[PDB]
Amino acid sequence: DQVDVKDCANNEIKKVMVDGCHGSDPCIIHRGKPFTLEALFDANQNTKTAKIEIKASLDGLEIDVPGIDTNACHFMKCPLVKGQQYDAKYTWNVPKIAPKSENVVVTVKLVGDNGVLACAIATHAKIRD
């Protein structure tokens, strides 16, 4: 369902959805299984590129989020047009060995030729079995 996120750019993101999660409820991420999200955002520039930058911290420790194709143009119709609305969807296989945590912070940035396209900080994720 639609979930609560904090915007870390200029509110370009209009809606974020995460399969199995809702609003500001703790969003359970079951390690070893597919995690799917979808976000709608308005492009704030004309750009040939769109690159995903992700940061995740578990109980304060930064960790590397492996296996993500950071070229969003591999899944959106680039070049992106200023003012147009894009539907970004991603399904990521959560590694079975990801450490369980009840205190997760994930920052996902999207960057274009001329700066940040979008940015959201998620603080409700919980990694469990």
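Heads up: residue numbers just count along the shown sequence, starting at 1.
Of the two segments examined, 62-70 and 97-105, it is 62-70 that shows the higher average Cα temperature factor in the deposited entry. With 5-13 and 117-125 compared on mean CA B-factor from the PDB entry, the stretch scoring higher is 5-13.
Of all the options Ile52, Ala43, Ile28, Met76, the entry's greatest CA B-factor is assigned to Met76. Per the deposited record, the Cα B-factor of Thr47 falls in the middle third when ranked against the other modelled residues of its chain.
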